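Colleague:
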Amino acid sequence: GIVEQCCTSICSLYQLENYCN
Amino acid sequence: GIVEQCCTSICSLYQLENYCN
Amino acid sequence: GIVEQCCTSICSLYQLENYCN
Amino acid sequence: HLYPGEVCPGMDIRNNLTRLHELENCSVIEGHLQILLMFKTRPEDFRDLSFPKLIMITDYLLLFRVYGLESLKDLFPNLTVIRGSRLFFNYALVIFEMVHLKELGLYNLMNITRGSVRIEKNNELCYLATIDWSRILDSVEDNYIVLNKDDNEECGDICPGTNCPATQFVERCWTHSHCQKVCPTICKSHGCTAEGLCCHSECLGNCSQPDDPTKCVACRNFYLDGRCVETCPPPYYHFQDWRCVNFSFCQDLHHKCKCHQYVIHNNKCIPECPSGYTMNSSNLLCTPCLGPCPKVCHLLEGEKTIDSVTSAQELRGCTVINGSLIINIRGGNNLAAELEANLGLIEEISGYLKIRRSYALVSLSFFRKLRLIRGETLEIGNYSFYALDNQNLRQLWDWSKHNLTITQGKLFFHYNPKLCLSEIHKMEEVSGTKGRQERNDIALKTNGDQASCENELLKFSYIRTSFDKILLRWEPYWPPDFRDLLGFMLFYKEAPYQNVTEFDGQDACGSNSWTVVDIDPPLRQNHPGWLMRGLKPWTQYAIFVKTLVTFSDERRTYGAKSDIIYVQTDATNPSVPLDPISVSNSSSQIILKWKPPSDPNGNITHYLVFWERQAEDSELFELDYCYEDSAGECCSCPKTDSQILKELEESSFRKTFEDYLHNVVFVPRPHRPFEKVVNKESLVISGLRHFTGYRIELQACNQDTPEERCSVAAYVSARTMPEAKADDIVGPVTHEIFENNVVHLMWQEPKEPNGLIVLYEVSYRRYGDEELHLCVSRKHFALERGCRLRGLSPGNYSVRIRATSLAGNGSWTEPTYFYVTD
Amino acid sequence: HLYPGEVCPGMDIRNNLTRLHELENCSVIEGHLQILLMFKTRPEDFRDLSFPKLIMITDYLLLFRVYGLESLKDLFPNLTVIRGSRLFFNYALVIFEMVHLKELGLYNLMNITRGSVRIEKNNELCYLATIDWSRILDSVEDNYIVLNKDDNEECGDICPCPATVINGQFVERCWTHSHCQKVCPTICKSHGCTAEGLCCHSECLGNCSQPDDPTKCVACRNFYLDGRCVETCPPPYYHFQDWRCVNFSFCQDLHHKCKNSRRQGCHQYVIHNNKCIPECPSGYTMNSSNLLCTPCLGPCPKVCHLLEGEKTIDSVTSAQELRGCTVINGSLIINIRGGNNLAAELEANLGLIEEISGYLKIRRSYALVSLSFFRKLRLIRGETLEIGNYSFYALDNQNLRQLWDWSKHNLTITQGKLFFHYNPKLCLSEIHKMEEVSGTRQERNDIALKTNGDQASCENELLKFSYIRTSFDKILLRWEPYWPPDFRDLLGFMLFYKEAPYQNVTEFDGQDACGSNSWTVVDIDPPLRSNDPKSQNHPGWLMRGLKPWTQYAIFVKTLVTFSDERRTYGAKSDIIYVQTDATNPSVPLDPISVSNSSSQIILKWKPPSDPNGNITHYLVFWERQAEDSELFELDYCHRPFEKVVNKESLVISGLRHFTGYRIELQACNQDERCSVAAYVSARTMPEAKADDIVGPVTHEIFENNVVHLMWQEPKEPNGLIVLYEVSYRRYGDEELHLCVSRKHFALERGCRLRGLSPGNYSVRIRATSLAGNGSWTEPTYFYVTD
Amino acid sequence: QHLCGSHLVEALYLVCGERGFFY
Amino acid sequence: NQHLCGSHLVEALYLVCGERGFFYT
Amino acid sequence: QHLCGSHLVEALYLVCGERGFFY
């Protein structure tokens, strides 16, 4: 889930590029 | 051979064609 | 004697070894 | 009387007996007199002697555990005054930790010019509480007499006669064979002779002739040419305000010192020029310096070694240093800040500098007023700068926050691998060593190793701002061999400064002041960057980006860096106004005080306020009374050496496997009111109601014209105090006399209840009997419009009424006298 | 019998898919296998065709750049054993730049004899946490599973199995959604198991067809002959590839085939160890007698010339290349690029080299802490040398701090200087020891003595604390007097110290760390002597910043100037764990006094701020406190002690109801010394029943309308009585309440109602203590007279 | 460091501003 | 970049030819 | 550290062990 990588962990620049449509 | 010429220095297309047989 | 050398600057082991008698 | 012998300079007698005898020839102790460090003498290794020539000591007398001294009549039986022009811990007479001294032997000591006296830890000394100090000193608080055997009254006291003019304790004395001198009221505090006579004011201590200036033992104001004068004509300068020393004497003192170098100023041969004066050369004239000039603390013989931060505190409040320094301190948290506070005010150094065998530093800039090293003292080999045996160093002194110039001596950079060659070149260029026809000696063969010296610039391609974040993007950057790139290590810090550099703060072992973020290599072109994870609104931050690169055996770098940028985050609403305090001191005066927002988020245009009106509660009338960023996983989070080594080793392993495979794979061919307060932490409100509640809302605001964005509501309720107009019945009391004996006591409610009325106390007393209490409740009052005395016996009944409420008490309505008749 | 196919020679397949047909005409592949540059396959090319042959591969596997390969089973659904005779860069399976693998397809390969797996550059890979690496990998040689999708999520390592917990994963172990893991006993996991999950014979390997039977298997562990797994075969047969046996005809055929060289790599075949090997190992001269390795006659050194005149080793594959060679002609480079430890394998594969005629470079070591790979190098000819004339090069090495023993191994370097630069982990002691043995006698070489020994312990002399005095605030140390032969090198000492709860402190490496870091170094000033005693004979240091009762691990090192001497590299003092003395027990923390009843008060406290010594007992003191008395001038109208050892809670019992109390809590670590008193106070709850009027109100009536009231104070007043609510009540009239003050009650033994009227009256009184309100007393009746 | 809710949507906005996002 | 190594090298060489193959060792 | 008065006396007593106290 998005929370696992951004809430529980830290999302980098390119990390959030995979959650954009 | 390939790494010492292609990685250390720039390889032209002639060098790349060397490995086409 | 020893006051002027251990109350103006930090004292040292060897400084006390010279006035022990 | 006049000094019989010749003056001798101050001396420190330690482990010597001949030096003790030398005091006999002495007549004036020009300097301090130390009697210390005698661990070789015993009571069978000493003697008794009298010094008839010594009559005065110019400075303090120090006694320090002198073995073999049983009394103070063995060294000086003639001393009279201890002026103490110099001081030791503010005491002009110091006897510290002196034992086997059973008594004292002074006979002429009767005055002290200035200073104090210390008598402590002397558990074997006697006659120390039988000495007056109204004639020797000018106060009784300028001498410390404690931890003494005579301060406990355990000592035996004897004195001459049953003849001494002196007034357990019997008379003022110092020894069985000597005493103190008491003299009549027509004398003065400038001493009085043993005979029992007075002495003049120009004299000091005892005196040969009573009240005569021509004959004195010592002069308090001045001494010159054989007579007690009150001034010193040229070129004789005032010496310790006790004599006159000609210019030759002061110059001789100067030559012998460089005791402190002697200066001439105010027609006085004083040791140091006061603050505010520059040292005119070849005359030592303390001419008024232009501007405030810190005193110059010279270096003994031009040298000072610093191996600890304690010695670095010996330069405090100085500008010019006469000599060389050797800074070789290692260790300690935030060493650079310590050095900046220790010597940040040292304007120049006339000596050489050595940074040999130094550690726990990352830069050499710890000065903030230096722009020139004189280098008058030269190191063997024509060298004025020195750097030896150092394993860590990332910088030298910058040219935009520090200036420097060198006029003599070669440069020296040895065993400084992290010190890049370019820094050495810049030093050689700016300093000017080559310009003045000089050639330096360096160790560049062992320098420039294990430190990035070749850098590239990163150009920002796109940037935008938000209220709590700053997005950054830079032009795609790739090393010649893309395998070198391992990502980027961004370093940011809160920087209000506009000339921020990465050498601000830290510069010591285990100290850091720059936060760090890590970003992966850009994907395959996508512009690499990084979005901050929240920030403080309206605050600027310094940010740059470095690039990790694969390193060779000695040194290899494909590195690039970014310039310092100060981008501010837009503002948002501010926080709650800290500490709302609505305090009253009257029923029509309330002060609303508050503190600014914890997070202002830009300047506060104004402070918004709201409040609602209240009223007395009605119920009272019906009542009767008679994992996450918050916890943290790293609070500073630098990469460790082990991590960088593992990263580099794995990167190399991967590259090696790749090349290995490639080499065999490929082969060639074969409504609430409001108010606004602008810039104020106070508010005045007047013309309020008494005993009324006021609930005040308080917010802060950072913008007024573009839109109203303010802090979240804050509330505080203040209750005004009640005025006192309800302590007695307001208005008259309606009553009538009946034959039923029923006295229905009517009365009107006061103008205002000030909240509610607790009760009414009514006292009915026939002929003024005991005063009774009767609970007149709110409901009973409303029902009967007060009270109702159902029947009374005949008699002159006096009725007093007190309106007991929260408005105060302590007074009753005057008694109404009604004569009941049945 | 056990292999349903021929024995094909190793194949290399690039681009064309036609050669893959040969994989279906044989089930045994001698040699390695590589499938790469497969740029012509599509998903329909790996799903409409599958090779049912291939059981065992003797050397390794290499799948790279394969298009549309989504499962391992799509190519070989029956590969069972990888013998690992040779490796590929310390690996026996490699996945590189694969962009179509989404699941595995191998479920009959349970043991890798040599090597590891190299999974890298995969971004669609699933199922890598359900493979039970421990069960498969029984050898670990730098196994790195990186550049995958299991650190992010693609599928989530889940499938619809035994689900055993052996690697730390509680999820089902599987290889495909239609497949599950196969488990067998570990006692029978090094010899392979059957396809039923039970034990198998020890002469079989991998998959088996009959559990615990060597007659029917799918692979053999020792040798394969007669179609049965045996332990050895008759010698009219010779073991080839070490997995089978074959008669002499095949051996002589191979020998004849290479007689006239037309094969680049073939060597005339011979037989040693009852195997048809390509070339006899050193010590056996290659002379045919019937193709048998006959004994050597005189010196038979094997000069194994190396390519490039230099060879760098970072993998065991290159090391095994030169096994069985005695004389080496050329140089070499040691470069440990990451990975696991290899020194044991290095000595195992190169320990037979006894002579080198070149130089030897060493750089970036990551697994060598001690050099142990050469125990035979006695003569270094050095016929080739670096420009600089260095026969040894030590650069960028931060893992080595040891060298070969010098009482069992010799080394005489006949030429070239010894290069040693930027090696702080390597100590100058061993450097000079070898400078003395090699000799290139004794000769000073260009070696920087300021770049080696800066981050390691290289001291060679030693100190011993002679006089030690321990105290709560001052720790004095006095070690043996020591000065180097040159009495101008002593620059002070290094008093290393750090906090230790218990002795677990291991001596530091030898670098310089200060600030808030572990093992805080503290420079000590030189004694300023000639090493002759002037007034002291024991040099040391008296540190005084210590706190009471705290143990510190402290050792001392020595800094001296460098020289070209073997010695004078500094001294080292032994380590000591100096526990300081306890003189303060410390102030207790957070005292909590709370009353739980009218005679029960519970106390609380936390352990002292600083634990110094064993707490021998806790000291408490308390006594009855009285209340403030002000009702006689105003009107509103030793000490008990207990000792509890190692307790954090106490309750007071024996107190009276109401009145304040004062308690003091002190910590003690002797029995005596105690800490400073801590003050806290609480009061018991008051008993409202004890404040109720007792006895009835007597009425001394006198006709002055004076009804004197005789009531009595409560049975046990709480503190004292503020006042009395004497509420007399005349029926048929307004209720009244009288505030009888304490002063009036004392003066008149109660009150005296005056100003009354005649008639039946009823008085109720409620006594009020300082705190707590009692209850109304009975309404005593009295007929007031006039 | 971490991002959730409002902070995460604002990050998805600033990071992806040339193309639409989803949450 | 402009250098050819690893992934870049193989993705830069495959461009030259993919229908003739490479030399067989 | 700094040694003065009583502290210096204490330190001199404790540190020395070969000679008596002199100060």
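Chains as they are written, first to last, in my numbering: chain U, 910 to 930; chain L, 910 to 930; chain B, 910 to 930; chain F, 6 to 827; chain V, 746 to 1531; chain W, 77 to 99; chain H, 850 to 874; chain P, 77 to 99.
The C-beta atom is built at its ideal place from N, Cα and C for all residues, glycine as well.
(1) In chain L, which residues lie with their C-beta within 7 Å of the C-beta of F:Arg659?
(2) Please list the partners that V:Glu898 has in chain H, where partner means a Cβ-to-Cβ separation under 7 Å.
(3) In whole angstroms, give me the CA-to-CA distance for V:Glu1372 and V:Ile1360.
(4) How close, in whole Å, do the beta carbons of F:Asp827 and F:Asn746 come, if the pair is a contact with beta carbons under 8 Å?
(5) In chain V, which residues lie with their C-beta within 8 Å of the C-beta of B:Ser918?
(6) On the three-state DSSP scale, how would you describe V:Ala1316?
(7) Give a yes or no on whether the minimum CB-CB distance between B:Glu913 and chain V is below 9 Å.
(8) Does V:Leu1221 have its Cβ less than 9 Å from a Cβ in chain P?
(9) Evaluate contact between the segment 355 to 366 of chain F and the segment 485 to 499 of chain F, counting only Cβ atoms and requiring at least three cross-stretch pairs below 8 Å.
(10) When you compare the CB positions of F:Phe658 and V:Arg1082, do they come within less than 9 Å of one another, or not?
(11) Buried or exposed, going by whether 16 or more other CB atoms sit within 10 Å of the CB of V:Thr1062?
(12) Would you verify that the beta carbon of P:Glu86 is, or is not, closer than 9 Å to some beta carbon of chain B?
(13) Which bits of chain P does B:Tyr928 rub up against, with CB to CB less than 8 Å?
(14) Measuring only the C-alpha atoms, how far is V:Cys1021 from V:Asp902?
(15) For U:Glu926, which option in F:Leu98, F:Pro527 and F:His667 has the closest C-alpha, if you only look at C-alpha atoms?
(16) Given this structure, state the Cα-to-Cα distance separating V:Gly1519 from F:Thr725, to the nearest angstrom.
(17) Alpha carbon to alpha carbon, how far is F:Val222 from F:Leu59? Give it in angstroms, no decimals.
(18) Taking buried to mean at least 16 other C-beta atoms within 10 Å of its own C-beta, is V:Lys927 buried or exposed?
(19) If you reduce the DSSP assignment to three classes, tell me which class V:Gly1054 lands in.
(20) Which residues of the segment 354 to 377 of chain F have a Cβ closer than 9 Å to any Cβ of chain V? Give them in chain order.
(21) So, is the C-beta of W:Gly81 closer than 9 Å to a C-beta in chain F?
(22) Using the three-state DSSP reduction, which class does F:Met284 fall into: helix, strand or coil?
(23) Taking the alpha carbon of F:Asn153 as the point to measure from, which residue in F:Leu202, F:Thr198, F:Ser182 and F:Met103 has its own alpha carbon closest?
(24) Would you call the CB atoms of F:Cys192 and F:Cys204 closer than 9 Å?
(25) Looking at the secondary structure, which residues open and close the beta strand (DSSP E) in which F:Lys551 lies?
(26) Count the other CB atoms, across all protein chains shown, that sit within 10 Å of the CB of F:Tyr571; report buried if there are 16 or more and exposed otherwise.
(27) In whole angstroms, what is the alpha-carbon distance linking F:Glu277 and V:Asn1262?
(28) Would you check if there are 3 or more beta carbon pairs closer than 8 Å linking the segment 610 to 630 of chain F to the segment 693 to 713 of chain F?
(29) Determine which residues share a DSSP beta bridge with F:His611 and list them.
(30) Out of F:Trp817, F:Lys756 and F:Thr661, which has the shortest C-alpha to C-alpha gap to V:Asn835?
(31) Quick one, which of V:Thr1185, V:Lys1153 and V:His1166 has its alpha-carbon nearest V:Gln1160's?
(32) Determine the closest residue to F:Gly73 out of F:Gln400, F:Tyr420, F:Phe51 and F:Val554, with distance taken between C-alpha atoms.
(33) Grouping DSSP H, G and I as helix and E and B as strand, with all else coil, what is V:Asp902?
(34) Would F:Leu290 pass as a contact of F:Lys309 if the rule is Cβ separation under 9 Å?
Modeller: Reading it off the structure:
(1) Chain L residues near F:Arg659: none, gap ~14 Å exceeds 7 Å.
(2) Simply none; closest approach about 24 Å.
(3) So the alpha carbons of these two residues sit roughly 35 Å apart.
(4) About 6 Å; that satisfies the 8 Å criterion.
(5) Correct list: empty, because the minimum Cβ distance to chain V is about 12 Å.
(6) Here DSSP, grouped into helix, strand and coil, assigns V:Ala1316 to strand.
(7) Residue contact check for B:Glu913 against chain V: no CB pair falls below 9 Å.
(8) Yes, V:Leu1221 lies at the interface with chain P (some Cβ there is under 9 Å from its Cβ).
(9) Fewer than three Cβ pairs drawn from the segment 355 to 366 of chain F and the segment 485 to 499 of chain F lie within less than 8 Å of each other, which leaves the two stretches out of contact.
(10) Here F:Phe658 is near V:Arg1082, since their CB atoms are less than 9 Å apart.
(11) Buried, because 16 or more other Cβ atoms sit within 10 Å of the Cβ of V:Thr1062.
(12) It does not: the Cβ of P:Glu86 has no partner Cβ on chain B nearer than 9 Å.
(13) Simply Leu88, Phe98 and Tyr99.
(14) The alpha-carbon atoms of V:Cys1021 and V:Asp902 are separated by roughly 48 Å.
(15) Here the closest residue by C-alpha is F:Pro527.
(16) The straight-line gap from Cα to Cα measures roughly 34 Å.
(17) Answer to the nearest angstrom: the Cα atoms are 11 Å apart.
(18) By the neighbour-count definition (other C-beta atoms within 10 Å, threshold 16), V:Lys927 is a buried residue.
(19) When DSSP states are grouped into helix, strand and coil, V:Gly1054 belongs to the strand group.
(20) So the close ones are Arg362, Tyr364 and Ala365.
(21) Interface criterion not met: the Cβ of W:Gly81 is under 9 Å from no Cβ in chain F.
(22) F:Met284 sits in a strand when the DSSP states are folded into three classes.
(23) With distances taken between Cα atoms, F:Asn153 lies closest to F:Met103.
(24) In contact: F:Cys192 and F:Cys204 (Cβ atoms closer than 9 Å).
(25) Where F:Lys551 is concerned, the enclosing beta strand (DSSP E) starts and stops at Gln545 to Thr552.
(26) Result: exposed.
(27) Whole-angstrom Cα-Cα distance: 45 Å.
(28) Result yes; three or more Cβ-Cβ pairs closer than 8 Å.
(29) The partner list for F:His611 (beta bridge, DSSP) reads F:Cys706.
(30) Of the listed residues, the one whose Cα sits closest to V:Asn835 is F:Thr661.
(31) Comparing Cα-Cα distances from V:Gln1160 to each of V:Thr1185, V:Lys1153 and V:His1166, the minimum goes to V:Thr1185.
(32) It is F:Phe51 whose Cα lies nearest to the Cα of F:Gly73.
(33) Three-state result, V:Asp902: coil.
(34) Judged by their CB atoms, F:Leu290 and F:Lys309 are not nearer to each other than the 9 Å cut-off.
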